[PDB]
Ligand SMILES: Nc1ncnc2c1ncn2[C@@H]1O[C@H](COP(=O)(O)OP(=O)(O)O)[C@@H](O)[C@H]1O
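Just one chain follows, in the form solved without adenosine-5'-diphosphate, and it is written as structure tokens.
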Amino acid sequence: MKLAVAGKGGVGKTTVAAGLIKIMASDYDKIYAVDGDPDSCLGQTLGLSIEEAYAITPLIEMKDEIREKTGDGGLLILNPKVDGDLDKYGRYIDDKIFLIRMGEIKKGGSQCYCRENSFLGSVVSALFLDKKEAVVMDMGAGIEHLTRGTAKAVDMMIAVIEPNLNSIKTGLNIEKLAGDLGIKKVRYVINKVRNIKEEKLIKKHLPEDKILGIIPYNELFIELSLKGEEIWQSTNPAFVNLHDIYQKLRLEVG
């Protein structure tokens, strides 16, 4: 089970990936929760406190590891071996979920951050190609972490969008970037659906077969201090839809 959750909505969208991971934790013996979204924090949305999350050094910050894996002194190791060291690049949030933080990819300068990028690329490659454990990687709409080499291992690309033309466009694009990349299955997940009018708008610009499910908005079940740790219980409707979405997912892949 190799899953990729892409969307342009920060924490809100990442909550979907987080939710799927928590549900999958009851079926899989081990899950690699990969935070590849620079404008979000899969760790916190998964229950970790600010300090617990930061205590988990992101790949981009593992200077010594980067030096050892990619080389140094003007020499670059073309094919880095890290598959066996993955379990050292993160922490077990619990007895099932293992979180790995990618870290923001430095764009400025345009000089040559090959070493860092190489280390991150090698980790993503191992996670999707060399590991047998379930993988759920959260990422932005650009999905730049994925390549045609790892796209083949992706069981499904889930595009999380909102019920509005603006977000619908972003979704259609994510479906394109993923499609042209190699990913065979791309499904949608409508998040923050507040009204029926928004639902009709969805069933208008997207086919029922491409929609994995819908997640209703909760003003008193997503904010305040009742979100995060308190959700294991089947309370808000968003919980019921998450499961149905999961079942739809398992049916697609299985």
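Each form is matched to the other, and the largest set of C-alpha atoms that superpose within 1.5 Å is called the rigid core. From 1 onward, residues are counted along the sequence shown.
Omitted here: the form deposited with adenosine-5'-diphosphate bound. The next part is about that form.
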Completion exercise
Site for adenosine-5'-diphosphate on the shown form, pose borrowed in the deposited complex via C-alpha superposition, classified at 2.4 angstroms from backbone or C-beta (3+ atoms blocks) as blocked
Problem - 4.5 angstroms heavy atom contact with adenosine-5'-diphosphate in the deposited complex for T70 - result: no
Practice task
Report yes if any heavy atom of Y54 sits within 4.5 Å of a heavy atom of adenosine-5'-diphosphate in the deposited complex; otherwise report no.
Solution key: no
Practice task
Indicate whether adenosine-5'-diphosphate has at least one heavy atom within 4.5 Å of a heavy atom of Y28 in the deposited complex.
Solution key: no
Problem - Exercise: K2 in contact with adenosine-5'-diphosphate in the deposited complex, heavy atom 4.5 Å - result: no
Practice task
Work out which of the listed stretches, 181 to 189, 36 to 44, 195 to 203, 57 to 65, brings a heavy atom within 4.5 angstroms of adenosine-5'-diphosphate in the deposited complex.
Solution key: 36 to 44
Handout entry: Shift of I231 between the shown form and the other one at or above 2 Å (CA, core fit)
Key = yes
Problem - Threshold 2 Å Cα movement between the shown form and the other one for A55, core superposed - result: no
Exercise for the section: Verify the C-alpha shift of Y217 between the shown form and the other one: is it 2 Å or more after superposing the core? Expected result: no
Practice task
Once you account for a change of 3 Å or more, let me know if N166 and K227 sit closer or farther in the deposited complex, using their C-alpha atoms.
Solution key: farther
Problem - Comparison of CA distance in the deposited complex with shown form for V11, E162, at least 3 Å - result: closer
